[PDB]
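Report on the structure
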Amino acid sequence: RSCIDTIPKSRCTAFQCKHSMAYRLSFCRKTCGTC
């Protein structure tokens, strides 16, 4: 189970991490903690 972020965490900030899953889905996989 290997996933990698491919976004600026900046985008998956606390404000979009639990708001913009569009990043926190599989863009900020680890970065947020969703993969």
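Residues numbered from 1 in each chain as written, not as in the entry; some residues may be left out. Heavy atoms only, no water.

Method of determination, as given in the entry header: solution NMR.

1. Examining the UniProt feature "disulfide bond" in the chain
Here the bond UniProt gives for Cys-3 and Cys-35 holds up, since the two sulfurs are only 2.0 Å apart. Of this pair, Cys-3 sits in the segment before helix 1 (14–17) while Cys-35 is found in the segment after helix 3 (29–33), placing the two residues 32 residues apart along the sequence. For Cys-35, a relative accessible area of 26% translates into the label partly exposed. With 2.0 Å between their sulfur atoms, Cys-17 and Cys-32 do form the disulfide that UniProt assigns to them. (Disulfide = S-S within 2.5 Å. UniProt positions renumbered as here; feature names shortened; annotations may be inferred. Helix = DSSP H or I, 4+ residues; strand = E, 2+ residues; numbered from the N terminus. Buried < 20%, exposed > 50% of the residue type's maximum accessible area, 1.4 Å probe, protein only.)

2. Comments concerning a nonpolar patch on the surface
Judged by side-chain polarity, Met-21, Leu-25 and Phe-27 come together as a nonpolar surface patch covering roughly 280 Å² of accessible area. Checked against the element boundaries, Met-21 lands in helix 2 (residues 21–24). (Patch = residues over 30% accessible without salt bridge, like charges linked within 9 Å, V, L, I, M, F, W, Y side chains within 5 Å. Areas by Shrake-Rupley, 256 points an atom, 1.4 Å probe, with all protein chains shown as cover. Salt bridge = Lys/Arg side-chain N within 4 Å of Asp/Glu carboxyl O.)

3. Brief notes about the environment of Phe-27
Here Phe-27 lies in the loop between helix 2 and helix 3. Through-space distance from the C-alpha of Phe-27 to that of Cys-3 is 9.5 Å; in sequence the pair is 24 residues apart. Excluding its chain neighbours within four sequence positions, the residues that come into contact with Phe-27 are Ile-4, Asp-5, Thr-6, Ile-7 and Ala-22. (Contact = heavy atoms within 4.5 Å.)

4. Comments concerning the state of the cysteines
In this structure the tally under the stated criterion is 3 disulfides. A sulfur-sulfur separation of 2.0 Å characterises the disulfide bridge that pairs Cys-3 with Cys-35. The disulfide joining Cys-3 to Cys-35 has a torsion of about 65° about its S-S bond and is therefore right-handed. A disulfide bridge connects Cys-12 with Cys-28, and the sulfur atoms are separated by 2.0 Å. On the S-S bond that ties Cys-12 to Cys-28, the torsion sits near 75°, and the link is right-handed.

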